[PDB]
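Residue numbers (the entry's author numbering), protein chains in the order written: chain S, 51 to 99; chain P, 977 to 1122; chain U, 489 to 586; chain A, 392 to 439; chain C, 733 to 878; chain G, 443 to 540; chain E, 6 to 98; chain B, 22 to 800, 822 to 1131.
All C-beta atoms in this analysis are idealised placements derived from N, C-alpha and C, irrespective of residue type, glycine included.
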Ligand SMILES: [Mg+2]
Ligand SMILES: [Zn+2]
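Here it is as structure tokens:
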């Protein structure tokens, strides 16, 4: 189970290596939302995307 | 040529069936290796790295690897171009006089990495020097090409 | 009289390597369980929680010589796969020496 | 074919078929002068 | 008396629990997919299990019999010691996936009903897995012998 | 292709290869220890109880896993989930039929 | 002991030498008291005693006649079930 | 609830809202339904079921009427009646008879040509009956019919990955109780096809037209999906007649069609009840899915065109990826795949239903013969008796209880073994599954098993996962689905209302854990609660988001699992091992209830049925070792016969001993005699032994166990084993076999024990080869006496003889039959397997003298020594918990409550504040002695006779070395543990062979201990010998010892004559090959080089 989970994570990261970020969205509240192939979150900041 | 016998610690004797010993020694620990999923359905588990018993089966049967990595036919200098999903690598041989091209290398497979002692040269890139039989793409080289 | 110095082959299936069969010198014992040396268990992959073992009797002089020379347990201390010691202290012995 | 819908045997089939010697059985034999019993720890025994 | 429980096991867990909460929070806002949320929870709880194991190793005296057996090379692993006196950790679905809810209890403390029920899955799966692995091992061994 | 149809030939060679692989897998299974001869402390699941010869033989085949972009483009009879046509006015009626 | 094994193509003389007698009668066994026919596929004088120690005419039935030839039958009654290992030949026109 | 149970203080902190039901109700209720008993009828009519119908009534109503082509003759059946049983259970088991009752049904014949009726009672045969113990007695033996798990009839949708294109494809199949299958699917080319009765695949539109649909109706009902329109437009068939003809051709190839049969074939195939039905459970399932026939009750059991159309629409909607579907006029329902492993789909064929199906087959044969022989008799005189043939029905019943997999010999190893056998759920058997079907997948534990099938119990052998055990609180629906009880919960307060939910019902709600902290009225104290969600996902939810709660923590476990103390401290693997080992503990001469156990031993022992329970209140009148007399207060007198030294199916002793004395007053339901493994009415599968946890000189290395000689001297682990030897005398082509005291060419001393009949006298000691009964046969006679097999011995305790001269019902050809019973006391010996309840098992490696064992400071020697290295790596630390508590139970405790109760004792019920020595305690599996409570109780133990405490607060005691005499340098854990003597004795595992019988099919030594065979020398053993380079030994093994007959005999003679063994060579099987090669004119020659 652990080996397969880690292998799946590695393969997903390798696939996402090419063209990580598609674009950006500006919200009417003046926020920013980055759209890409992977979900990257700041584990040190309450997992803010 | 065979040399010291592992069981007796002395030079192998004439007539010893080293072949069966090697077969048993390689096969007995096979149960410790990772294997293909035993679930009947689902997607192919070989898409993710499963390099355990299946890899040994592939090697001993001399079958073409799934993630085949082309090898350099000639030593020289590498010049590299990239596209949306394909690489276009070429080797210019220093002592040779003809460019050797690899034109259909998918980008879903990564390039080779050097990891030099102190230069930290990292991934293969234009201008690097490659010897004969070096792997250009990160993966598994085909035994027949070698 | 007849059992003295007559080797017997002990085997435990499945036999995954040559050290799954080994020659031993018998000793008549009271009871009906086979007394196995603690050190060879790793070779046999045996645990005394109900495991059984088979015994074979070489008859011819050549077979007896082979059992006494090639197959005797004291001559197979090292594993053939890697040469590491196999008949070596385990479990209680390791903790005692430690 | 004659009696019943079975072809007549021939010498070559004695060599081809699983009967005879050439084609193995791949199954273990049962051997005389053999026994089987439960094992217990003989800590006092010598290695041999 | 000698199956010691590290005093830092209640803090570590709650700390990581907070992180888990945060993940669920981000999942409620739509910043996370279900599978990716489960992956994040699995990573967080793996980190928590590693921390609990380190704390258990630090706490135990050098002369404790339970740790003495493991450290002497006689039997077992620190993983088994953690499962006994630390926390059982993550368990797998019948389909092989990790269950994001860990078994925060330990066999020293005693598992709850649902923890035990979910633990039974992989326990029964291993019985068939071990039998199946021998088939592949024997296949490769017979090829090598031939 | 549709008007002429396929000759519906017989693939004897591949069938024989599959038969030989299945026979080898069955021999491998027969090579394992049977329930009657088990020496373990207690009865337990054996490989023969869970896997058949055909499954084991298939388990070791190459089982090519080409990508869809490769799998579909090489199959004249592939049915796609969606079709996009730019400059569609240029297609002939037969192209629309296809 | 032997070290090599060879197969050649036998000439008619070699086939003749291997044989103990001609199998001329195309019959296996009779019906009354199921006695094999003479010169048949189960003939006594070519292959040997029917099962053990009994010649075709029956006048020789004693285990002591290890090296005796029955005059009328010509059967060389012998131990070791020779008829399972002794073979014949057929001359074809 | 037991009036006269012994006291056993419990550590349980939760109050049980529901008591454990009758454990073996699954058998008794099912059989009572089958025969339509009065109790079953009263129970069912009170559930809401109107006009209940029994199984026999159901099959007879299905059978009747039986009519000819013209419809002039009719035959009907009604009122199945059962007479008194022919013989008592004891007499049935004595005379090899079947415990059966005559069955009578009234058959009415009607002849429309005259209108005259002729009713007549028809004897339908001797129906085997079920005892109060839930077993069937057949031919003197006791048998159990195990409940069978099967996929219930209905409609099942699935999606699978195409192995060619990797595409996902959807399919559906309609599974009826009987009749043709109907399947629909969407292929890799997005074409909807239908397979009728497993024939060739064809477009679904063909079937739709076959049902009378026109293109307009198809394009109206469908057309929401383009794939259906494509299939319709790409179909080469138009018209109902055209589709019916095509279906006829694809169902009945070659034969000429006709309009007369075009509609009739389909109508008979799928819609007429006499050939197709959903069995009233498929109908319910197909109504619940697809939202069809909602509201009104199930009226007809057959399929309908609406069902087919709804199935097609559901399949297409599922392929399109929709989640909600609404049939025109039906209720909206979800669109989803069906999990075949879910107990919402798997149902249970109980014993009654299996017997009913076999009766149905027999009645079908009877219907065929009746239909045949009405035409061959004068209609003006035919009567119900002449038409009826009861040979087929009795043949069917007799065959089901004989050569059937589900009817199995009762597991009489011990009472718990039989009790678990009765509550067994077998997935295999006729109609269950086959070797070609699911392996790994079907053996998994599914989330829906919770509270219905135990996730731990399963046989160790090839049936792991395929055979399970019913949970304690579970029960079967009339449809056969397993329900389990739950408490209602409202507004966050746990309500006392109990509802039996099926898995399908349970998936729709949220269920909270049993161990929910609640106030006095049931309000949850914690704001958050641990719950099970729909998909079997465990979650933490708000206290007000719960609909149901578990009645008890024992909900998910079965009897044997519930009998494991401190189960939650053991890993699932070792818990399974302990549960299975509890099932194979041999009864001991003296029984002893566990010192520390669960509150399950008493109820399990009473429900197993091996303890004699007083029928009604009374006064004991006369007690003997053979019978007990009770003078009831109602004036009736009861006499209970006790089984003494009776042989179990497995060869164990089934002695029953009274536990009451004359003049005692006994309440109804009180236990008056203990069974094989009970003390005072509760399980006593093992013995409580003083155990020290330590390695000892290596004699307990690798799980070996060291036993004190006391266990041999005091018969602590001694057992009684009884074996049965049978022999028959028959007719022959040359005469008959005769039995007499005379045997030719034998000594006068070998037949000394024989009596006038040539049978060994009772009480005679018999050993290997001793004559039991002498039998002489024609080749001037030949000796064929029965003799004791190799390695067997004992005392002759009983003889049973049956003879044809005395009208005994022996089988054809047999003239006489004799059975001799030999009993032996087996002491505990080296190699015998001992085990605890926590999966700790090992063989006895050494039995030390009493003075060699480590002994306590007062001089008490320990009884057993267990190695330390076994516990920590197996996560079965529960065995340690018990070891501590078992000590606190042996030596009473007294909590000091002077300055208030200690903090650790705040949860203990006041009854646990103190107890005397040799006290018994109860610790349920998931609610019992906590770690802190046990730690304090260890420090609150009473002093011994000398006024000192040996086991300290840590549970350890200073032990003196019995050999050297010096105290061990460190304290050792000492306690009392309950251990079992398992039925894996070395006495019947030692096997040896020098020479013996050979298989005439291959001339190799036979295989088997009872066949005196040889050990297998496998191919891997050949490889191992090859690796050694031991050519001579390998050749000797392969040639002399197995195959070569001439070499075999030659080597035997050489050994017995003291000359060196000769050289094998030129094998016979090589000579045959050489002669075959010569036959092909190949001059094969052996070269000397
Ligand atoms: Mg074992
Ligand atoms: Zn003669």
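What's the C-alpha gap between residue i and residue j?
{"i": "residue 445(B)", "j": "residue 183(B)", "result": "37 Å"}
{"i": "residue 1029(B)", "j": "residue 520(U)", "result": "7 Å"}
{"i": "residue 103(B)", "j": "residue 77(B)", "result": "11 Å"}
{"i": "residue 958(B)", "j": "residue 934(B)", "result": "4 Å"}
{"i": "residue 321(B)", "j": "residue 551(B)", "result": "43 Å"}
{"i": "residue 241(B)", "j": "residue 292(B)", "result": "25 Å"}
{"i": "residue 1007(B)", "j": "residue 891(B)", "result": "15 Å"}
{"i": "residue 20(E)", "j": "residue 94(E)", "result": "7 Å"}
{"i": "residue 437(A)", "j": "residue 721(B)", "result": "17 Å"}
{"i": "residue 500(U)", "j": "residue 536(U)", "result": "13 Å"}
{"i": "residue 549(U)", "j": "residue 676(B)", "result": "55 Å"}
{"i": "residue 786(B)", "j": "residue 740(B)", "result": "18 Å"}
{"i": "residue 501(B)", "j": "residue 652(B)", "result": "42 Å"}
{"i": "residue 879(B)", "j": "residue 673(B)", "result": "21 Å"}
Mind pulling the chain P residues with CB within less than 9 Å of residue i?
{"i": "residue 182(B)", "result": "1017, 1018 and 1019"}
Quick check on this structure: which residue in the options has the alpha carbon closest to the alpha carbon of residue i?
{"i": "residue 34(B)", "options": "1033(B), 954(B) and 878(B)", "result": "954(B)"}
{"i": "residue 702(B)", "options": "489(B), 633(B) and 950(B)", "result": "633(B)"}
{"i": "residue 324(B)", "options": "394(B), 372(B), 232(B) and 261(B)", "result": "232(B)"}
{"i": "residue 81(S)", "options": "99(S), 68(S), 70(S) and 56(S)", "result": "99(S)"}
So what does residue i bridge to, in DSSP terms?
{"i": "residue 569(B)", "result": "509(B) and 532(B)"}
{"i": "residue 463(G)", "result": "None, per the DSSP bridge assignment."}
{"i": "residue 297(B)", "result": "BP columns for residue 297(B) are empty, so no partner."}
Run down chain A in chain order and give the residues with a C-beta less than 7 Å from the C-beta of residue i.
{"i": "residue 526(U)", "result": "432 and 434"}
Residue i touches chain C at which residues, Cβ-Cβ below 8 Å?
{"i": "residue 583(U)", "result": "800, 801, 804 and 806"}
Quick one: which chain E residues come within Cβ less than 8 Å of residue i?
{"i": "residue 1123(B)", "result": "14, 15 and 20"}
Run down chain U in chain order and give the residues with a C-beta less than 8 Å from the C-beta of residue i.
{"i": "residue 438(A)", "result": "525, 527, 528, 561, 562 and 575"}
For a contact defined as C-beta to C-beta under 7 Å, what are the partners of residue i on chain G?
{"i": "residue 1058(B)", "result": "479"}
What residues of chain P sit near residue i, judged by a beta carbon separation below 8 Å?
{"i": "residue 866(C)", "result": "1007"}
Short of 9 Å Cβ to Cβ, which residues in the stretch 473-484 of chain G face chain U? Look at the stretch 473-484 of chain G: the residues with a C-beta under 9 Å from a C-beta of chain U are 474, 475, 479, 480, 481, 482, 483 and 484.
May I ask you to list, following chain order, the residues of the stretch 1012-1039 of chain B that have a beta carbon less than 7 Å from some beta carbon of chain A? 1028, 1031, 1032, 1033, 1034, 1035, 1036 and 1037
What are the residues in the stretch 447-476 of chain G lying within 7 Å of chain A by C-beta distance? Contact residues of the stretch 447-476 of chain G toward chain A are 469, 472 and 473 (C-beta to C-beta distance below 7 Å).
If contact means a Cβ-Cβ distance below 7 Å, which residues of the stretch 397-420 of chain A contact chain B? 402, 405, 406, 411, 412, 417, 419 and 420
Below 9 Å between beta carbons is the criterion; list the residues of the stretch 433-465 of chain B that meet it against any residue of chain P, in chain order. 459, 460, 461 and 462
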